[PDB]
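Below is one structure, written out as structure tokens, with a few remarks after it.
Because only heavy atoms are used, hydrogens play no part in the values below, and waters and symmetry mates are left out as well, while side chains stay in. Residue numbers begin at 1 in each chain, while the letters A, B, ... track the order of the sequences.
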Amino acid sequence: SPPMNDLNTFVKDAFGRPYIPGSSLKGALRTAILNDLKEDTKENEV
RNA sequence: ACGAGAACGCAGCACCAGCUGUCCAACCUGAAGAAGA
């Protein structure tokens, strides 16, 4: 109850519809599956 | 009054005929809108 100060926009393709782009899931799976090491962030085949 | 005088090395004739500037090759590689607004 503090009034709409500002509004955020989910990324949506040209047909209105929302979607989660590529490389966003890649960052998410980097923070997920990169639990092993902290060196392979550019050249890793995963 | 010259081993002399006179006498076009000249006439005709396509540097031309055939021939892919072609063949192979990804504008490609690596990269979160979070965060105490």
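With respect to the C1'-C2'-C3'-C4' torsion, B:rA25 shows a south sugar, the value lying on the negative side. A positive value of the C1'-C2'-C3'-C4' dihedral assigns B:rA34 to the north, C3'-endo side. Nucleotide B:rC8 carries a south-puckered sugar, as indicated by a negative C1'-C2'-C3'-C4' torsion. Sugar pucker at B:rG9: south, on the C2'-endo side, as the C1'-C2'-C3'-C4' dihedral is below zero. Sugar pucker at B:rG21: south, on the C2'-endo side, as the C1'-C2'-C3'-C4' dihedral is below zero.
Nucleotides B:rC27 and B:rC23, compared at atom P, are 16 Å apart to the nearest Å. For the P atom pair drawn from B:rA34 and B:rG30, the interatomic distance equals 22 Å after rounding to whole Å. B:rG33 and B:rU29 are spaced 24 Å apart, taking the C1' atom of each and rounding to whole Å.
Per the geometry, CG belonging to A:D40 stands 15 Å off P belonging to B:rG30, to the nearest Å. One atom, NZ of A:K42, and another, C1' of B:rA31, lie 8 Å apart when rounded to the nearest Å. For the pair A:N5 CG and B:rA37 P, the interatomic distance rounds to 13 Å; values are reported in whole Å. The distance from atom CD of A:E45 to atom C1' of B:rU29 is 16 Å, rounded to the nearest whole Å.
In this entry the base of B:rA32 is anti relative to its sugar, with a glycosidic angle more than 90° from 0. In this structure B:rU20 sits in the syn conformation; its chi angle is within 90° of 0. With a glycosidic angle further than 90° from 0, B:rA7 counts as anti.
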I'd like a list of close polar pairs between nucleotides 32-35 of chain B and the protein, N/O only, cut-off under 3.5 Å.
residue, atom, partner, partner atom, Å
B:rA32, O3', A:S24, OG, 3.3
B:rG33, OP1, A:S24, OG, 3.3
B:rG33, OP2, A:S24, OG, 3.0

Atom pairs and distances, donor-acceptor, side-chain atoms in residues 18-36 of chain A, under 3.5 Å, two or more places apart:
residue, atom, partner, partner atom, Å
A:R30, NH1, A:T41, O, 2.5
A:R30, NH1, A:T41, OG1, 2.7

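In this structure, A:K38 places its NZ atom where only 12 or fewer heavy-atom neighbours from other residues, nucleotides or ligands lie under 6.0 Å away. Around atom CD of A:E43, no more than 12 heavy atoms belonging to other residues, nucleotides or ligands sit under 6.0 Å away.
With a 5.5 Å centre cut-off and a 30° plane cut-off, the bases of B:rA34 and B:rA35 come out stacked.
No donor-acceptor distance shorter than 3.5 angstrom exists from the side chain of A:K42 to the backbone of A:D40, with no hydrogens or angles considered.
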*Can you give the dot-bracket line for RNA chain B, where a pair is Watson-Crick or G-U wobble with both atom distances under 3.5 Å, crossing pairs use [ ], and | marks a partner on another strand?*
.....................................

